[PDB]
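Just below is one structure, and these are the notes that go with it.
The numbers here are math on the coordinates, done by the rules we state, and not lab data. FYI the Cβ positions are ideal-geometry reconstructions off the backbone, even for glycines, and counts take in every protein chain you see.
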Amino acid sequence: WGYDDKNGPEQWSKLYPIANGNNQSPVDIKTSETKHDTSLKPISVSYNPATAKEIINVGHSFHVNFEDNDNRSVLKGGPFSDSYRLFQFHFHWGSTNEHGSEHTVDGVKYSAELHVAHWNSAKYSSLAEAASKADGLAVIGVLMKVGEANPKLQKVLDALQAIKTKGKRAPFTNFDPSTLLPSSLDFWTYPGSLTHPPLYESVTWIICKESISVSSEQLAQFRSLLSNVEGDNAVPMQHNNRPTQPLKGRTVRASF
Ligand SMILES: [Zn+2]
């Protein structure tokens, strides 16, 4: 599978039938249809920079992984009763500044999106077990609006030159991803899924109301990563965002 015309999102249903499920992500958040909930508590994140471990080029994107053997880095509050353990963060982008984000707000598309993923360590023993459970994963999504350069993305961007081609990986340590989140943590939440195969409907999404910035040049750095293996003709990672999917009766709740 991929994001190309032949094996792209529109064709994923052939190999992964759940792509046409009733809890698929991303979605378009229509603010006039969101339901306020006083039951929702503020989001609380506490990450230990010592848990940062490695950065990897996976062909269609790049991931920054964290050690998840204990609860040194966790997410709590919001619609959760259990604490979720941080395990990875990555981004999605488009071919030009005009698109790139996965989620949209009132039909508006942004240039990129940051995803910070966690798994339920209170109920499960590992990521593999939790990934298929309805309450197994929690992902924070932050919309990235093109504008001024974001200095907080510096360490991440400077690391790409060491993992330019598919399969390359390198140590990525002493980093706290909470520094990438917006100043305000007001959010929207809804029951969804992984945005790429296997597309499991096991994700409770936390979408931030406030966006963070990114410059046109920083976006160019994401797009310059290569999807081919070392030695082959270079093929830039042009885009990796999935189109929004039908809400199918789900309700998006707002913490504000
Ligand atoms: Zn993602």
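Cα-Cα over 32 Å: which of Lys35/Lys76; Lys76/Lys155; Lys6/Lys53; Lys6/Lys166; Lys133/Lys166? Walk me through the numbers on the way to the answer.
Numbers: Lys35/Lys76 21 Å; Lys76/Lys155 26 Å; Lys6/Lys53 34 Å; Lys6/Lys166 20 Å; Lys133/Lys166 30 Å.
Violating the 32 Å limit, Cα to Cα: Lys6/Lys53.
The dipole here belongs to the chain: it is taken about the Cα centre, uses +1 on the Cβ of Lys and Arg and -1 on the Cβ of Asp and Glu, and is about 260 debye.
Between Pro191, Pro49, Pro177, the Gaussian network model of the chain with springs among Cα atoms under 10 angstrom shows the greatest mean-square fluctuation at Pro49.
For region 189-256, the alpha carbon convex hull comes to 130 Å³ per residue, rounded to a whole number.
Converting phi to 3J(HN,Hα) with the Karplus coefficients 6.51, -1.76 and 1.60 and the offset θ = phi - 60°, region 231-242 yields x, 6, 4, 5, 10, x, 7, 5, 7, 7, 9, 8 Hz in sequence order, with x at every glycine or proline. Shown here: region 137-256, whose C-alpha atoms stretch 48, 32, 27 Å along the first, second and third principal axes, sorted largest to smallest. For region 89-159, the ratio of Cα radius of gyration to the globular rule of thumb 2.2 N^0.38 Å stands at 1.37.
Taking amide H as placed 1.01 Å from N in the peptide plane, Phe62 has its amide H under 5 Å from the amide H of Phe91, each at least 5 places away in sequence or on another chain.
Within the chain, the longest segment free of exposed loop sites, counting GluC sites (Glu not before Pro) that fall outside DSSP classes H, G, I, E and B and have at most 12 other Cβ atoms within 10 Å, spans 149-229. Springs between Cα atoms under 10 Å define the GNM used for the chain, and in it the highest mean-square fluctuation of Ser101, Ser193, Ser202 occurs at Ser202.
Return an integer: the convex hull volume of the alpha-carbon atoms of the chain, in Å³ per residue. Display every interim value, and only then the final one.
Details: hull volume 31.7 nm³, N = 256.
Here the figure is 124 Å³ per residue.
Taking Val156, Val116, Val64 as the candidate residues, the one with maximal mean-square fluctuation in a Gaussian network model of the chain, Cα springs under 10 Å, is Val156.
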